[PDB]
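Before any questions on binding or motion, here is one chain by itself as structure tokens, the form deposited in one PDB entry.
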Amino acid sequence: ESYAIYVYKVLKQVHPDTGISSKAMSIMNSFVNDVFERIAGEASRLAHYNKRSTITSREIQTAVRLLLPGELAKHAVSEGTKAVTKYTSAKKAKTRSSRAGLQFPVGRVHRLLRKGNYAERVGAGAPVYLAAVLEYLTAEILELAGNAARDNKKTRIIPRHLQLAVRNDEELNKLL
């Protein structure tokens, strides 16, 4: 699956005048896919472990806490919870992503959660929470990689900046 356009939207929110090379975008897309699969897979195991037939934001949250190291997990849980509470309230919003306050695609995440046979059913809150987490991790990686680019007087993120950002961050290194 391609998340490149959403990675770009997030990049513009953290580093508005920094670009990303074709190879660096491909690496980001691979990161997003890998994390999606790992969280959805763990949510699936948790649903089965708890004899639930529906994946909801509860199983996504616990999956996220199991997979993500300390601080990343705290911030991810904060953003996923926020997205769900906003989505519940914001009935006059025009799209599911906008209802959640997100750049990442809530509808596509929902479709992929269903397509992956992670459980019999998927609740409306699950893709909101997961999309918010994917967006948060993307934003963190792009913040750091864009800082590396700037520190090297480059106007775009290239693969070596992603490597520096991820490998020199204890928690991202563990995650990725």
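All residue numbers refer to positions in the sequence shown, first residue = 1. Shifts are known only where both forms have a C-alpha. Each form is matched to the other, and the largest set of C-alpha atoms that superpose within 1.5 Å is called the rigid core.
When 104-112 is weighed against 131-139, 104-112 comes out higher, by mean CA B-factor as recorded in the entry. When 7-15 is weighed against 150-158, 150-158 comes out higher, by mean CA B-factor as recorded in the entry. Taking the PDB entry at face value, the top CA B factor among 63, 27, 145, 47 belongs to 47. Among all modelled residues in its chain, residue 74 ranks in the highest third by Cα B-factor. When the CA B factors of the chain's modelled residues are split into thirds, the value for residue 97 lands in the middle one.
The protein also exists as the form deposited in another entry; that form is not presented, and the subsequent description refers to it.
With the core superposed, residue 98 shows a C-alpha displacement of at least 2 Å between this form and the one not shown. With the core held fixed, the Cα of residue 117 is displaced between this form and the one not shown by less than 2 Å. Taking 2 Å as the criterion, residue 52 counts as shifted between this form and the one not shown: its C-alpha moves by at least this amount when the rigid core is aligned. Listed in sequence order, the shifted runs between this form and the one not shown are 49-52, 90-98, counting only residues present in both forms whose C-alphas move 2 Å or more over at least three consecutive positions once the core is aligned.
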